[PDB]
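S.K.: The sequence shown runs 91 to 206 under mature numbering (1 follows the signal peptide of the UniProt record, and there is no 0).
Got a structure for you, written out below as structure tokens; questions coming shortly.
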Amino acid sequence: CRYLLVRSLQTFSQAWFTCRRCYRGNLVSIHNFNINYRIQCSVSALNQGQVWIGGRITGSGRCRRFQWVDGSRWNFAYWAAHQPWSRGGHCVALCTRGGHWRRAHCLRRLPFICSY
Numbered sequence: 091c092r093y094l095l096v097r098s099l100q101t102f103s104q105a106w107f108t109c110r111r112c113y114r115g116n117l118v119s120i121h122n123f124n125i126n127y128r129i130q131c132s133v134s135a136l137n138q139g140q141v142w143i144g145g146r147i148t149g150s151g152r153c154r155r156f157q158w159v160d161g162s163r164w165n166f167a168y169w170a171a172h173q174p175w176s177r178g179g180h181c182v183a184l185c186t187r188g189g190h191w192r193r194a195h196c197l198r199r200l201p202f203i204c205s206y
């Protein structure tokens, strides 16, 4: 799997289409700790505090489940302390320090990681 850091600040919806349109790929799915760490290393030189990953919440009410926008199975999560269930939104952002994930409102411009 290859990861590409796009430093331009885009909303989550803009970032997913751009990966598909510019790089023929998707927002990164993260299936284990080694990938999370490799990405963390790739974003450590970002002055931006958070990056978009391909994680989103789907469904309603009690049937709320996490999904990858590439459709792969959700088998790993590296949540920050007090994350998720924070009500901060339906999209997932990786913290550039420590690689821990946080919920963010999809209407935020962040850098993002494509996988290809």
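C-beta: ideal position from N, C-alpha, C; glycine also.
So, for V133: in the same chain, excluding its five sequence neighbours on each side, which residues have a beta-carbon less than 6 Å away from its beta-carbon?
M.R.: Mapped onto the sequence shown, residue 133 falls at position 43. Here the set comprises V141, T186.
S.K.: Could you pull the DSSP bridge partners for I120 from this structure?
M.R.: Here the question's residue 120 lines up with position 30 in the sequence shown. According to DSSP, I120 bridges with nothing at all.
S.K.: Would you check if the distance between the CB atom of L136 and the CB atom of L95 is smaller than 9 Å?
M.R.: In the sequence shown, residue 136 corresponds to position 46, counting from 1. In the sequence shown, residue 95 corresponds to position 5, counting from 1. Contact: yes.
S.K.: Within a Cβ cutoff of 8 Å, which residues of the same chain sit near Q173, ignoring the five residues on either side of it in sequence?
M.R.: Here residue 173 is taken as the residue at index 83 of the sequence shown, counted from 1. Excluding residues within five positions, the ones whose Cβ falls inside 8 Å are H190, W191, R192, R193.
S.K.: Can you name, in chain order, every residue of its own chain whose Cβ lies under 8 Å from the Cβ of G115, other than the five neighbours on each side?
M.R.: The count along the sequence shown starts at 1 and reaches residue 115 at position 25. Closer than 8 Å at Cβ, skipping near neighbours: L94, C109, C204, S205, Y206.
S.K.: Reducing DSSP to helix, strand and coil, say where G145 ends up.
M.R.: On the sequence shown, residue 145 is found 55 positions in, with the first residue counted as 1. Correct three-state label for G145: strand.
S.K.: When you compare only the Cα positions, how much space is there between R146 and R163?
M.R.: Your numbering for residue 146 matches position 56 in the sequence shown. Your numbering for residue 163 matches position 73 in the sequence shown. Distance between the alpha carbons of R146 and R163: 13 Å.
S.K.: Please state if the CB of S103 and the CB of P201 are separated by a distance shorter than 9 Å.
M.R.: As a first step, residue 201 must be located in the sequence shown, where it is residue number 111. As a first step, residue 103 must be located in the sequence shown, where it is residue number 13. A distance of 9 Å or more separates the beta carbons of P201 and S103.
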